[PDB]
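This report refers to the structure that appears directly beneath it.
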Amino acid sequence: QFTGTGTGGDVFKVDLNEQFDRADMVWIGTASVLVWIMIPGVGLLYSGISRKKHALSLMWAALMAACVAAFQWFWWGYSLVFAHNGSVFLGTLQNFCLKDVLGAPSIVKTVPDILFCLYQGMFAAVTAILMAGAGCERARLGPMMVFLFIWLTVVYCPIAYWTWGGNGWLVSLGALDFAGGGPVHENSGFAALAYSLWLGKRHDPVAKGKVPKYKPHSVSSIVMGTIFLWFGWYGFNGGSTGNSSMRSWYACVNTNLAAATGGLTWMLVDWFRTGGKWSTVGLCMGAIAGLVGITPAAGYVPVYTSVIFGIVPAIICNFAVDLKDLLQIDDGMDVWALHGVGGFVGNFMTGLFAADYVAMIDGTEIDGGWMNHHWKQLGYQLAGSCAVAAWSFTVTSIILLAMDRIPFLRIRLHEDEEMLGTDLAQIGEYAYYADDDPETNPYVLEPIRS
Amino acid sequence: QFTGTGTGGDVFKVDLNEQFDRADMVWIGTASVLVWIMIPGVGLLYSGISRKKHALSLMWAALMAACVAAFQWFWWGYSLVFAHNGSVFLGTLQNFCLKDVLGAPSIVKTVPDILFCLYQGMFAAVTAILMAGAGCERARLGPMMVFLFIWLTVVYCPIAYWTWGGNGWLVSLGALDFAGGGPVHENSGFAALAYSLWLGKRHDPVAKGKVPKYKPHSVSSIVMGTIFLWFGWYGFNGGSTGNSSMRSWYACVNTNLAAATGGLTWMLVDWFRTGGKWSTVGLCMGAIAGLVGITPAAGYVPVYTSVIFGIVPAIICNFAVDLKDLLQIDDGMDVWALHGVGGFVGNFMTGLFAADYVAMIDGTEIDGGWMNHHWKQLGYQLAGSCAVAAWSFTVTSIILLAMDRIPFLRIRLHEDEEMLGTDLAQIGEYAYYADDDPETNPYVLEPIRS
Amino acid sequence: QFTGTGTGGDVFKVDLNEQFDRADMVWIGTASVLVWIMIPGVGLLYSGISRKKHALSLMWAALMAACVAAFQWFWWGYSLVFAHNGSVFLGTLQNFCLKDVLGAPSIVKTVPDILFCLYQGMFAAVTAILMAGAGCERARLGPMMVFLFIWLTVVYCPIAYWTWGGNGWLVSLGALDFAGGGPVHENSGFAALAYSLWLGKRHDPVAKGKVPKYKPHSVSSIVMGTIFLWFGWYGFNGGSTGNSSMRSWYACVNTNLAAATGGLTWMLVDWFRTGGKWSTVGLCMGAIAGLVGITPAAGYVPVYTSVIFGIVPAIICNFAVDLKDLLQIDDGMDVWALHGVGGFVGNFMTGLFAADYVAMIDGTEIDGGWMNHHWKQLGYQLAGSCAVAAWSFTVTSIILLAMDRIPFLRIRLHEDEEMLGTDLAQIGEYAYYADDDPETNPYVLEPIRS
């Protein structure tokens with residue numbers, strides 16, 4: 001018999017696959033593979049956009065993040081989000097090292113635990129490289145890897161549990177978050193802001209007003225990142241139905257249209273604000289703003305409203321990027337502006353435009369948003385957004401400051417203890433610091449103490 | 001009940017998904033995602049092959065084209081091709097802003113309208129970047145975006161309707177075009193030729209005989225473009241069955257073999273013509289020539305004949321590229337040679353090698369080509385090819401010349417009104433023109449009037 | 001009726017697709033497309049890692065290999081592995097030019113011949129670029145293409161037959177090889193070693209001890225290669241079930257975890273051995289070592305053991321790379337170390353950790369390994385590994401030395417007959433040798449005789 005718990009049954013006695021539609025499984029398997037390539041997509045995007053020379057290559061750091069996140073997820077991340085037996089705030093260690101993760105129907109009943117594990121693990125990894133990218137400036141790699149492991153454990157996993165978990169309190173409340181805009185984008189964005197405000201370079205010369213808003217390290221990297229992100233986002237959003245229904249393809253149409261209108265909107269805004277220039281970076285940032293914006297909404301809103309999920313996040317995020325000038329901080333702030341602000345805005349607008357008849361395309365039951373005169377929905381969205389932002393900002397701050405107090409865990413060295421790469425390159429043991437060309441340097445040019 | 005029209009039925013009363021095989025839908029969903037990455041594939045290919053420094057980066061322009069095409073398709077492109085109620089030449093605005101596009105079976109009855117919309121929208125976008133690439137030299141971006149919107153509307157959509165539309169006159173005639181070689185490749189190719197002959201630089205120093213046939217801007221971009229194109233072409237051709245049958249995988253085998261033999265053929269032709277050199281660009285152009293060649297044929301011809309769809313387009317396109325020397329025009333001509341000539345040749349040969357027993361692999365009924373002694377088939381193919389070439393060349397010419405007469409819509413400035421980037425870089429307001437390195441320049445170095 | 005042989009039946013009388021689960025077919029179709037992009041993944045990886053300037057760009061050579069392998073596979077490669085009527089060592093020419101390859105159930109009964117042909121053809125192509133990459137230094141292209149065709153025919157196809165063929169003697173013996181670690185990785189690795197020992201540069205200045213272990217040509221190429229390889233490996237391993245069951249997704253979870261732990265392990269080993277440096281190349285090589293390691297095991301071992309398939313191959317391969325210093329040979333040795341040694345180690349450990357209850361997830365019956373007290377399994381694995389290594393090393397040696405004796409087939413010129421690119425660039429007919437920048441050079445800078 002099928003037990004519905006643990007491994008789901010004895011494989012020598014039952015065929016666990018009989019519980020699931022095979023095409024549902026194939027689409028979520030494919031969607032998993034698509035989300036995986038978003039991981040280097042993030043790295044390429046933020047490597048390319050940077051107005052500063054990062055010692056750590058974020059294209060490469062994306063592979064590091066893929067490794068650390070996969071291990072964390074296996075170790076206990078999956079279990080802390082999707083153990084079928086948690087509180088309303090967190091799971092348990094019931095599935096430590098993926099013990100008994102096999103063929104029981106997952107919280108998404110149309111796929112087995114092992115496949116939901118594969119799929120959702122990719123979301124954790126995308127969030128990991130968002131966070132690594134946000135905090136990469138003058139990062140020490142050892143501490144960064146420890147930080148990512150800890151951060152996934154006590155920031156990502158709780159927020160993911162609230163959003164996706166069987167007893168997650170946001171689920172119970174009635175908040176909507178179609179493809180995990182909260183755990184991935186809003187979360188990483190406000191964690192990025194914690195990094196900016198505590199560890200980021202202040203009075204940063206690249207952020208002092210009379211300097212260009214856009215000054216990319218590599219436009220080709222921006223474009224390649226945006227390509228991988230848009231391509232992969234079809235799995236990110238399209239797979240968030242958990243099935244092969246046409247709500248999946250509907251979500252993909254919304255995804256494409258939000259990206260498209262976001263890109264054009266941001267570029268048009270830049271055109272107006274610059275007095276007629278065509279912004280290469282702006283088009284890409286706008287596509288990302290729309291992809292982020294539509295993430296909580298893609299399987300819930302009517303197709304024609306998806307254009308609003310491009311336009312409004314593009315406009316608001318474009319102006320949010322200007323805050324870097326007020327603060328005179330660059331580090332971490334792009335991730336905050338696109339993912340934190342974009343995620344907040346998209347989540348809010350999901351309360352306005354969610355429609356029960358869109359969810360019903362595959363039989364999913366929701367009360368809907370303002371499209372259905374369900375006025376309360378907007379309050380549920382705000383509650384989710386504020387909770388995510390509060391937890392992510394506060395707990396990320398605590399982790400960063402706690403690690404800072406520990407010499408061998410300090411992620412970013414204090415400027416009074418930091419050795420100059422110019423001077424390191426003169427010391428014999430550190431002569432390899434003379435090659436700050438990450439295209440040929442075999443070693444990360446890690447900050448060194450005195 | 002299932003209505004077969006409009007949304008296809010009331011989602012609160014019926015499950016629209018019951019009409020479709022879930023695995024059919026998953027493959028066409030996946031194929032959609034694969035065709036999307038062909039869009040930057042085109043941009044990379046034509047950016048890399050260029051013998052001239054384009055101010056507009058085509059890798060980046062591919063994302064711009066993805067945005068413009070997605071919006072056009074949503075706005076009315078989809079409706080003009082696939083409204084279930086058009087003439088024999090064009091659709092209607094019944095599905096303006098994708099109104100009522102949901103779960104009715106599409107013209108391809110094995111998938112719902114919303115999924116066919118997703119899939120076919122990708123073909124429009126691939127064609128958009130082919131056209132943007134063809135017309136990119138000294139292009140002004142604002143006018144280019146307007147041009148693409150207009151061109152998709154009155155050149156792409158009619159030709160697509162004739163080919164795929166429920167009452168399309170090419171369909172009724174009996175012409176074969178498996179994966180839309182007409183609307184995508186032959187169309188963009190002869191539109192490219194219109195660009196070359198009216199707007200392209202004449203007496204072009206890079207096309208004056210004593211200069212190299214191959215002189216690529218970036219071989220790595222050529223190769224990356226070819227990679228994305230070949231990878232994505234499995235969705236382009238493999239999804240054109242509309243189903244999960246083994247005719248889909250048969251089409252993929254044909255696709256791979258045509259690419260392979262095209263690449264080797266073009267490189268061998270170059271080897272003979274150069275007296276023993278191995279042409280890096282030639283291998284890539286040959287793979288594209290074979291992919292284009294097999295596009296109208298992939299689900300119709302026996303596997304062993306797919307090698308002819310590599311060899312013959314490779315040879316003919318290789319010599320077509322030489323016409324650039326006779327004309328002394330470079331701009332737009334590569335797109336014409338590969339897609340216009342390749343598409344024409346492939347469409348012609350489909351009349352020779354189409355077999356009813358190949359179509360019958362998934363129950364598709366055709367009379368076949370010369371393989372079945374259906375001699376008339378070749379005439380149907382020629383009719384389609386000539387109609388596509390005539391409409392695309394003529395109407396593209398009219399659009400380009402009409403926009404040229406309008407100062408704020410002129411796509412390419414006349415040489416007497418065009419400001420020198422060298423001189424712009426001296427004027428204070430235009431000092432950013434001094435950085436013509438598109439890897440770090442945040443702005444398109446758009447042509448400026450006097 | 002369904003015949004089970006030849007084309008599988010008359011398409012005008014029966015629907016051949018009725019024999020197969022459509023979702024099984026869609027996943028293997030998708031997996032085919034994913035394995036295809038591993039081909040340029042290999043090229044990028046070995047182009048980037050190189051401590052030497054290769055005249056042949058391996059990114060480009062990957063497309064050449066895709067062409068040659070697809071043609072060989074069509075011509076007779078498929079038939080020599082999967083003709084339903086061979087010996088215990090090789091197939092026949094029954095499916096020459098894919099004659100009668102259509103809808104009969106393949107050796108993997110859940111998919112038709114034409115789809116298994118598509119899928120398995122990709123494995124041949126991945127192996128082809130591994131071999132081209134291994135033997136690329138100072139290679140002449142014409143001879144290289146002939147070599148690849150011959151090598152696929154008499155080295156790859158026999159080993160593939162033993163592993164996958166209906167009567168393959170390794171299958172009969174009881175050896176386990178889930179995703180073809182033998183035919184692809186161990187095979188190419190020991191073929192690479194044959195290249196190193198017979199044709200590779202000896203007393204190579206880059207391999208003389210006092211020089212860096214890691215000195216990459218292009219870290220961005222390494223990372224992009226690793227991205228394409230890890231992404232594609234989900235199809236490589238995940239599709240090796242032949243079905244849409246959750247054993248496919250289980251294999252993907254193992255694949256991701258082995259890559260992740262391999263990357264971290266190799267980087268940590270480098271950290272210890274260098275006294276605290278963070279190795280950019282090492283992380284990537286470790287992910288590949290884990291992907292190779294888990295390949296024979298992914299659908300057979302419990303998830304928690306997949307971490308061992310990252311850790312142990314990473315450690316052993318890391319030290320295997322040191323052999324380059326002892327031998328003072330660089331050419332071919334990276335492919336041997338990762339794929340030859342990694343493949344050998346993974347195959348061995350599959351005998352330890354294979355579990356009948358993992359195979360049983362989709363009803364697959366195996367005796368298992370030491371996890372099931374099936375002690376004999378380790379001996380079966382060793383037999384397979386030694387047979388593959390012996391055949392590949394010996395026959396590759398014979399091919400290389402035989403071609404060397406034939407002036408127009410010699411793959412690498414002898415140093416006494418080899419012309420200097422510096423001196424070629426002075427001879428008028430060879431002036432194009434002055435541009436050794438493969439990013440703009442339209443021609444392969446092939447070695448020229450005196």
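Letters go in sequence order (proteins before strands), and every chain restarts at 1. The basis for the numbers below is simple: all heavy atoms, side chains too, and nothing from hydrogens, waters or symmetry mates.
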[options]: which one forms the most heavy-atom pairs within less than 4.5 Å of chain C?
| options | answer |
| --- | --- |
| B:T274, B:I227, B:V303 | B:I227 |
| B:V281, B:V26, B:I361 | B:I361 |
| B:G363, B:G238, B:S218 | B:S218 |
| B:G235, B:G310, B:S279 | B:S279 |

**Prompt:** According to the interplanar angle, ranging from 0 to 90°, do the rings of C:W233 and C:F236 count as parallel (below 30°), tilted (30 to 60°) or perpendicular (above 60°)?
**Reply:**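 Taking C:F236 first and then C:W233, their aromatic rings sit tilted (interplane angle of 30° to 60°).
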
**Prompt:** What about C:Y443 and B:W278, are their ring centers closer than 6.0 Å?
**Reply:**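 Between B:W278 and C:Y443, which both carry aromatic rings, the centre distance is not below 6.0 Å.
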
**Asked** What about the rings of C:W27 and C:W249, do their centers lie closer together than 6.0 Å?
**Response**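 Yes, the ring of C:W27 comes within the 6.0 Å limit of the ring of C:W249, centre to centre.
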
**Asked** Just by distance, do the side chain of B:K215 and the backbone of B:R51 share a donor-acceptor pair under 3.5 Å?
**Response**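 Yes.
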
**Request:** Report yes or no: does C:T110 contribute a side-chain atom to a donor-acceptor pair with the main-chain N or O of C:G242 at less than 3.5 Å?
**Result:**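 Looks like yes, one N/O pair under 3.5 Å.
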
Which region of [X], side chain (C-beta onward) or backbone (N, CA, C, O), has a non-hydrogen atom less than 4.5 Å from a non-hydrogen atom of chain C, or is it both or neither?
| X | result |
| --- | --- |
| B:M267 | side chain |
| B:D356 | both |
| B:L268 | neither |
| B:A259 | backbone |
| B:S220 | both |
| B:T261 | side chain |

**Asked** Are a donor atom and an acceptor atom from the side chains of B:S244 and B:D24 found within less than 3.5 Å of each other?
**Response**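 Yes - a donor-acceptor pair under 3.5 Å links their side chains.
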
**Message:** Quiz question: by atom type and distance under 3.5 Å, do the side chains of B:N256 and B:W230 form a donor-acceptor pair?
**Reply:**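 Result is yes, a qualifying pair exists.
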
Which residue out of [options] racks up the most heavy-atom pairs below 4.5 Å with chain B?
| options | value |
| --- | --- |
| C:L98, C:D21, C:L102, C:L44 | C:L102 |
| C:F71, C:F74, C:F228 | C:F74 |
| C:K99, C:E429, C:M145 | C:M145 |
| C:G121, C:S221, C:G142, C:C117 | C:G142 |
| C:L118, C:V111, C:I28 | C:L118 |

**Request:** Applying ring-ring contact (aromatic ring centres under 6.0 Å, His included), name anything that partners B:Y119, two or more places apart in sequence or on another chain.
**Result:**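 ring-ring contact (aromatic ring centres under 6.0 Å, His included) check on B:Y119 returns B:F123.
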
**Item:** Considering all heavy atoms, the nearest B:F178-B:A297 contact
**Value:**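 Of all heavy-atom pairs spanning B:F178 and B:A297, the closest is CB-N, 4.0 Å.
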
Heavy-atom cut-off 4.5 Å, strictly under: side chain, backbone, both or neither for [X] against chain B?
| X | result |
| --- | --- |
| C:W36 | side chain |
| C:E446 | side chain |
| C:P112 | side chain |

**Asked** Can you name the residues that form a side-chain contact (heavy atoms from CB on, under 4.5 Å) with C:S245, not counting sequence neighbours?
**Response**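 C:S245: side-chain contact (heavy atoms from CB on, under 4.5 Å) contacts with A:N17, A:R22, C:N243, C:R247, C:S248, C:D362.
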
**Item:** Heavy-atom side-chain proximity of B:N372 to B:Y357 below 4.5 angstrom
**Value:**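 They are in contact (side-chain heavy atoms under 4.5 Å apart), so the answer is yes.
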
